[PDB]
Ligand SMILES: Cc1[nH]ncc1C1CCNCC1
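Only one chain is shown below, in structure tokens, and it's the form deposited without this ligand.
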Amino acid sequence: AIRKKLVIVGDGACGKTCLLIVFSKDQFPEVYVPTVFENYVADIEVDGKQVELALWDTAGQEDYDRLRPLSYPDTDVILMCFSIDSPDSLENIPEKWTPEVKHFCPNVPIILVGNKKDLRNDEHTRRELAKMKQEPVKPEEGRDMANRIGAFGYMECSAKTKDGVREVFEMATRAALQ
């Protein structure tokens, strides 16, 4: 078993902490969803290979430009998150996060992950967004951004329903291994 390091980056309301919690616990918390995520070491077996994957978050570090890069040393895979109910979080990806991740983690694979895909069919979400001349992020818009920034891949998941969560981390393990 080899040791690989994954770091999840993205805006405050992109749902990155919820994604790490639902994966580390291996279910959606029924009694209390924690505010913070410390760290976790996942035992994953992808395509026959056994890997120890350390999971880290950048939550709380968004306004601290000299504290945040201390999370980057020795990263093997970057998860770049955005929320499908927030087209403004997708706009920050190419001009805010991508230049930073490429300077501190050159040559590291980046997977662009669209979170909260369940909200693409939420009526309250569509009503709130229409009041600001907006609509939930379309699948082709996510793929176009992942292409534009040179991502290893584009994936979608719902931390609330657990759909696509196992697959994002199995794929991240594969990217960390290449």
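Start at 1 and count along the sequence shown; that's the residue number.
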task = Taking the mean of the C-alpha B-factors per stretch from the entry, tell me the winner out of 72-80 and 85-93.
result = 85-93
request  = Read off the CA B-factors in the entry, average them over 165-173 and over 9-17, and name the higher stretch.
outcome  = 9-17
inquiry  = Sorting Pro109, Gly60, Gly114, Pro29 by Cα temperature factor from the record, which one lands on top?
reply    = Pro29
query = Between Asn147, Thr35, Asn121, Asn39, which carries the biggest CA temperature factor in the record?
reply = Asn121
query = By its CA B factor, does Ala130 count among the lowest, middle or highest third of the modelled residues in the chain?
reply = highest
note = Temperature factor at the Cα of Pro136, chain-ranked in thirds, falls in the highest
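The same protein also has a form solved in complex with this ligand, omitted here; what follows describes it.
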task = Indicate whether this ligand has at least one heavy atom within 4.5 Å of a heavy atom of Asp88 in the deposited bound form.
result = no
key: Contact label in the deposited bound form: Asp65 to this ligand, heavy atom within 4.5 Å   = yes
ask   = Within 89-105, which residues come within 4.5 Å of this ligand in the deposited bound form, counting heavy atoms only?
value = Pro99, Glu100, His103, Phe104
